[PDB]
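A short write-up of the structure that comes next.
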Amino acid sequence: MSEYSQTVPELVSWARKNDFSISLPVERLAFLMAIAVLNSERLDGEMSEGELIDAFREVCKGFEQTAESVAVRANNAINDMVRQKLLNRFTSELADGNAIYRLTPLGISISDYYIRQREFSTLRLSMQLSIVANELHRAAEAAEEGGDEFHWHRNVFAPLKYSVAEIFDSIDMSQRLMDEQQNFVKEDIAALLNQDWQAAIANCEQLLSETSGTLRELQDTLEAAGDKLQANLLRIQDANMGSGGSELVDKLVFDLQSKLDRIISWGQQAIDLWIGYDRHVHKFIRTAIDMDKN
Amino acid sequence: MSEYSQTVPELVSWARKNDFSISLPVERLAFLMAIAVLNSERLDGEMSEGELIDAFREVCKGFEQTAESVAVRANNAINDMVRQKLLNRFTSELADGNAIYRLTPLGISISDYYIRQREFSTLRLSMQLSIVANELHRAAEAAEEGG
DNA sequence: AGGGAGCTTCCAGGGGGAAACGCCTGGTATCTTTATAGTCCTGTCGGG
């Protein structure tokens, strides 16, 4: 079953019928981030209503807002976050009516995008690739050992769906992070050339070389592991075809192979785009420096 | 270094200075989801400007909207998504000026929350604990080996 | 030991005083509506 069981028209009809939307102005986003920071400093991962109100007061202070109606504004903000599926509220009779709050997977993902300083680490990728290689190798050995529907579900499907797929998604996010980093560097090089292009030549060459080395090192690492990961996916596919198959395992393996191809292809494409820019900046600098001679 | 290097007041000041905000109306959110779906069906994880415009046209049809200025409306929506950090645009001289688009980690996280049907699994938890147990065991053996 | 009356102590009853609760009025926040003005597009025509 395609992760997205619905076609574009069906999804559009479904979204339209459920009236989904998200509204996080700077203050609300700051409050969410403050809640995320406060939750990370705690031992129980739970926040009371009073603690959330204190956090809202700090945001309001930070925005230099009137102390009038702050308890009301905090309640409206808390209700808005719950209504927007950012917070889960637990109302227990045992807690004398005091509600307990926890951030939802959505509220966490959003807050982390802004607060977590995510930079591309080669070590991280090498580690992730190591875990997926071991998980795929175990799943391939389990598929080759053969077994019943319970064995194929517990030792092959579960590791592919609940472990390998997650790791591949994490790698794809790391690539999308790298993509944002490249666009940021292009803006910095243009600024350096507008301030003092003569002194900026060494700094621009450093930024171009550091980015190029990183992209290449990454691609080298993906290519080295990619062949072993594909071989293990093929071993699982061959073992599945030999044991009468399972349409669920075949589709899952096909999806993982498609993601792996996307992950490998992205690196080469990013290198070509960076090379085009690098050549252009070098040509520009040479034209600016060397061709005027007086 | 705490994952969140900044205290709450510092973060609030930083957020205020950078002016970060999210506004996701039904139509734009539907367009984002349509883009996310279209990207998942592709082999290269890349979308051209014409393909994004075709996707917007389908959303507009699904919302029963006027076919007038759809190309403009689509450009406004695409620029809004890029301006909101949901899409990364690549403009290469080699591509004769044709821009290539990819969804940002943010645009993906948001689209997946709505489209991905997420339900809890013990098998998954058992596998995750097994992997972490092996990774922690190797790290402990490496720490005990010294170096 | 039983029965009644006196002294002494504690509870019951009265009276005051203010707060709290309940209700209304207006203010403050929030949101919507309405209008205006922009911005861009589209269309037409004419000219090149």
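Ordering of the structure tokens sets the chain letters (A, B, ...), residue numbers begin anew at 1 in every chain, and ligands are numbered from 1 in the order given.
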Report task. Residues of chain B no more than 6 Å from chain A, counting only C-alpha atoms: send them over as a ChimeraX atom specification. Result -> /B:8,12,20-26,30,34,44,104-105,123-124
Using only C-alpha atoms (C1' of nucleotides), which residues sit within 10 Å of residue 75 of chain A once same-chain residues fewer than 3 positions away are excluded, as a short mmCIF file (atom, residue, chain, number, x, y, z; two decimals) with N, CA and C atoms, in the first residue's frame?
```
data_model
loop_
_atom_site.label_atom_id
_atom_site.label_comp_id
_atom_site.auth_asym_id
_atom_site.auth_seq_id
_atom_site.Cartn_x
_atom_site.Cartn_y
_atom_site.Cartn_z
N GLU A 49 -0.56 23.16 33.41
CA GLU A 49 -1.14 24.39 32.87
C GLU A 49 -0.47 25.67 33.40
N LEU A 52 2.94 26.27 31.62
CA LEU A 52 2.72 26.76 30.26
C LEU A 52 2.38 28.26 30.31
N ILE A 53 1.57 28.69 31.28
CA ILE A 53 1.20 30.10 31.44
C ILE A 53 2.45 30.93 31.78
N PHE A 56 4.36 31.41 28.60
CA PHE A 56 3.72 32.39 27.75
C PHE A 56 4.03 33.82 28.22
N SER A 69 -4.70 40.89 30.61
CA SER A 69 -5.29 39.67 30.06
C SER A 69 -4.29 38.54 29.77
N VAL A 70 -3.10 38.53 30.39
CA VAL A 70 -2.10 37.51 30.01
C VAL A 70 -2.58 36.10 30.32
N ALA A 71 -3.28 35.88 31.43
CA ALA A 71 -3.80 34.56 31.75
C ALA A 71 -4.83 34.12 30.70
N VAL A 72 -5.62 35.06 30.16
CA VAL A 72 -6.63 34.79 29.12
C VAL A 72 -5.93 34.47 27.79
N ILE A 78 -2.90 28.30 24.43
CA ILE A 78 -2.86 26.88 24.78
C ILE A 78 -3.99 26.14 24.06
N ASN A 79 -5.21 26.69 24.09
CA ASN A 79 -6.34 26.08 23.40
C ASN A 79 -6.08 26.05 21.90
N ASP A 80 -5.49 27.10 21.32
CA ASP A 80 -5.16 27.14 19.91
C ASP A 80 -4.16 26.05 19.56
N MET A 81 -3.13 25.85 20.37
CA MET A 81 -2.16 24.81 20.11
C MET A 81 -2.79 23.42 20.19
#
```
At most 10 Å to chain B: residues in chain C, only C-alpha atoms (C1' of nucleotides), as a PDB file with C-alpha atoms (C1' of nucleotides), in the first residue's frame:
```pdb
ATOM      1  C1'  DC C  40      -0.743  43.024 -12.652  1.00  0.00           C
ATOM      2  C1'  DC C  41      -2.961  41.082 -16.425  1.00  0.00           C
ATOM      3  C1'  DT C  42      -5.424  40.966 -20.103  1.00  0.00           C
TER       4       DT C  42
END
```
Report task. Quick one: everything within 12 Å of residue 224 of chain A, counting only C-alpha atoms (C1' of nucleotides), minus sequence neighbours fewer than 2 positions away in the same chain. Send it as a list in words. Result -> residues 125, 126, 129, 130, 133, 217, 218, 219, 220, 221, 222, 226, 227, 228, 229, 230 and 264 of chain A
Report task. Give me the residues within 9 Å of residue 46 of chain B as a PyMOL selection string, counting only C-alpha atoms (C1' of nucleotides) and dropping any in the same chain fewer than 2 places off. Result -> (chain A and resi 266) or (chain B and resi 39+42-44+48+100-103)
Could the residues in this selection be saved with N, CA, C and O atoms as a PDB file, in the first residue's frame?
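As written to disk, out-v7.pdb reads:
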```
ATOM      1  N   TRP A 266      20.704  12.052  -5.973  1.00  0.00           N
ATOM      2  CA  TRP A 266      20.730  13.403  -5.416  1.00  0.00           C
ATOM      3  C   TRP A 266      22.147  13.973  -5.275  1.00  0.00           C
ATOM      4  O   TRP A 266      22.396  15.128  -5.624  1.00  0.00           O
TER       5      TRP A 266
ATOM      6  N   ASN B  39       6.101  14.316  -5.619  1.00  0.00           N
ATOM      7  CA  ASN B  39       7.522  14.063  -5.416  1.00  0.00           C
ATOM      8  C   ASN B  39       7.806  12.609  -5.026  1.00  0.00           C
ATOM      9  O   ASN B  39       8.776  12.008  -5.484  1.00  0.00           O
ATOM     10  N   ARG B  42       8.100  10.109  -7.962  1.00  0.00           N
ATOM     11  CA  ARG B  42       9.221  10.293  -8.898  1.00  0.00           C
ATOM     12  C   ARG B  42      10.531   9.597  -8.535  1.00  0.00           C
ATOM     13  O   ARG B  42      10.826   9.323  -7.376  1.00  0.00           O
ATOM     14  N   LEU B  43      11.339   9.327  -9.557  1.00  0.00           N
ATOM     15  CA  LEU B  43      12.630   8.645  -9.432  1.00  0.00           C
ATOM     16  C   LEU B  43      13.801   9.560  -9.058  1.00  0.00           C
ATOM     17  O   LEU B  43      14.768   9.085  -8.470  1.00  0.00           O
ATOM     18  N   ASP B  44      13.722  10.854  -9.386  1.00  0.00           N
ATOM     19  CA  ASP B  44      14.791  11.837  -9.133  1.00  0.00           C
ATOM     20  C   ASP B  44      14.561  12.804  -7.956  1.00  0.00           C
ATOM     21  O   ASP B  44      15.452  13.581  -7.623  1.00  0.00           O
ATOM     22  N   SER B  48      10.048  20.260 -11.844  1.00  0.00           N
ATOM     23  CA  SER B  48      10.225  21.453 -12.676  1.00  0.00           C
ATOM     24  C   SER B  48       9.099  22.453 -12.403  1.00  0.00           C
ATOM     25  O   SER B  48       8.049  22.114 -11.858  1.00  0.00           O
ATOM     26  N   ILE B 100      14.956  24.126 -10.863  1.00  0.00           N
ATOM     27  CA  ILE B 100      14.658  22.813 -10.296  1.00  0.00           C
ATOM     28  C   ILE B 100      14.225  23.012  -8.841  1.00  0.00           C
ATOM     29  O   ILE B 100      14.864  23.767  -8.108  1.00  0.00           O
ATOM     30  N   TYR B 101      13.171  22.333  -8.405  1.00  0.00           N
ATOM     31  CA  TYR B 101      12.623  22.457  -7.055  1.00  0.00           C
ATOM     32  C   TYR B 101      12.670  21.158  -6.258  1.00  0.00           C
ATOM     33  O   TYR B 101      12.449  20.069  -6.797  1.00  0.00           O
ATOM     34  N   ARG B 102      12.954  21.293  -4.959  1.00  0.00           N
ATOM     35  CA  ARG B 102      12.974  20.211  -3.963  1.00  0.00           C
ATOM     36  C   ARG B 102      12.306  20.695  -2.669  1.00  0.00           C
ATOM     37  O   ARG B 102      12.507  21.841  -2.273  1.00  0.00           O
ATOM     38  N   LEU B 103      11.514  19.861  -1.996  1.00  0.00           N
ATOM     39  CA  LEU B 103      10.890  20.226  -0.714  1.00  0.00           C
ATOM     40  C   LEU B 103      11.929  20.308   0.414  1.00  0.00           C
ATOM     41  O   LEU B 103      12.844  19.493   0.472  1.00  0.00           O
TER      42      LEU B 103
END
```
Query raised in the report: In Å, with one decimal, what is the gap from atom CA of residue 287 of chain A to atom CA of residue 201 of chain A?
Result: 12.4 Å
What are the closest atom pairs, with distances in Å to one decimal, for all residues of chain C lying within 12 Å of chain A? Consider only C-alpha atoms (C1' of nucleotides), order rows by chain and residue number, and present the result as a Markdown table.
```
| residue | atom | partner | partner_atom | distance |
| --- | --- | --- | --- | --- |
| C:28 | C1' | A:69 | CA | 9.1 |
| C:29 | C1' | A:69 | CA | 8.9 |
| C:30 | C1' | A:73 | CA | 10.8 |
```
Using the selection just defined, write its residues with N, CA, C and O atoms (P, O5', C5', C4', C3', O3' and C1' of nucleotides) as a PDB file, in the first residue's frame.
```pdb
ATOM      1  P    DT C  28      -9.881  49.557  28.852  1.00  0.00           P
ATOM      2  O5'  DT C  28      -9.083  48.312  28.223  1.00  0.00           O
ATOM      3  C5'  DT C  28      -9.132  46.998  28.775  1.00  0.00           C
ATOM      4  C4'  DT C  28      -9.284  45.901  27.693  1.00  0.00           C
ATOM      5  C3'  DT C  28      -8.317  45.998  26.491  1.00  0.00           C
ATOM      6  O3'  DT C  28      -7.848  44.713  26.072  1.00  0.00           O
ATOM      7  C1'  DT C  28     -10.531  45.759  25.774  1.00  0.00           C
ATOM      8  P    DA C  29      -6.292  44.387  25.798  1.00  0.00           P
ATOM      9  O5'  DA C  29      -6.250  42.950  25.087  1.00  0.00           O
ATOM     10  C5'  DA C  29      -7.105  41.897  25.490  1.00  0.00           C
ATOM     11  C4'  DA C  29      -8.090  41.544  24.373  1.00  0.00           C
ATOM     12  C3'  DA C  29      -7.324  41.210  23.091  1.00  0.00           C
ATOM     13  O3'  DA C  29      -7.815  39.975  22.619  1.00  0.00           O
ATOM     14  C1'  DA C  29      -9.180  42.502  22.615  1.00  0.00           C
ATOM     15  P    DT C  30      -6.859  38.709  22.436  1.00  0.00           P
ATOM     16  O5'  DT C  30      -7.549  37.939  21.205  1.00  0.00           O
ATOM     17  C5'  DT C  30      -8.957  37.757  21.137  1.00  0.00           C
ATOM     18  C4'  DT C  30      -9.600  38.432  19.906  1.00  0.00           C
ATOM     19  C3'  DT C  30      -8.914  38.079  18.583  1.00  0.00           C
ATOM     20  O3'  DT C  30      -9.866  37.405  17.796  1.00  0.00           O
ATOM     21  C1'  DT C  30      -9.828  40.219  18.534  1.00  0.00           C
TER      22       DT C  30
END
```
Report task. Just the alpha helix (DSSP H) stuff from segment 68-168 of chain A, please, per backbone DSSP, written as a PyMOL selection string. Result -> chain A and resi 70-83+105-115+122-145+149-152+158-159+165-168
Report summary line: atom CA of residue 85 of chain A sits from atom CA of residue 42 of chain A at a separation of 21.7 Å
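The set of residues in chain B assigned to strand (DSSP E) by DSSP, using only backbone atoms of this structure, is residues 22, 23, 24, 47, 48, 87, 88, 89, 90, 91, 99, 100, 101, 102 and 103 of chain B.
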Only C-alpha atoms, please: the residues just picked out, written as a CSV table (one decimal), in the first residue's frame.
```csv
chain,number,residue,atom,x,y,z
B,22,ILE,CA,3.9,29.7,9.5
B,23,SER,CA,0.6,30.3,7.7
B,24,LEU,CA,-0.9,27.3,6.1
B,47,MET,CA,10.2,18.9,-9.8
B,48,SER,CA,10.2,21.5,-12.7
B,87,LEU,CA,10.7,24.7,-1.2
B,88,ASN,CA,14.4,25.1,-2.4
B,89,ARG,CA,14.9,26.5,-5.9
B,90,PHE,CA,18.0,25.7,-8.0
B,91,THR,CA,18.8,28.1,-10.9
B,99,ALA,CA,14.6,26.2,-12.1
B,100,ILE,CA,14.7,22.8,-10.3
B,101,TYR,CA,12.6,22.5,-7.1
B,102,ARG,CA,13.0,20.2,-4.0
B,103,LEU,CA,10.9,20.2,-0.7
```
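Residues in contact with residue 198 of chain A at 10 Å, where only C-alpha atoms (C1' of nucleotides) are counted and same-chain residues fewer than 5 positions away are skipped, are listed as residues 192, 193, 285, 288 and 289 of chain A.
With atom CA of residue 102 of chain A on one side and atom CA of residue 83 of chain A on the other, the separation reads 13.7 Å.
Between residue 59 of chain B and the candidates B:27, B:1, B:40, B:45, the tightest atom-to-atom separation, counting only C-alpha atoms, involves B:27.
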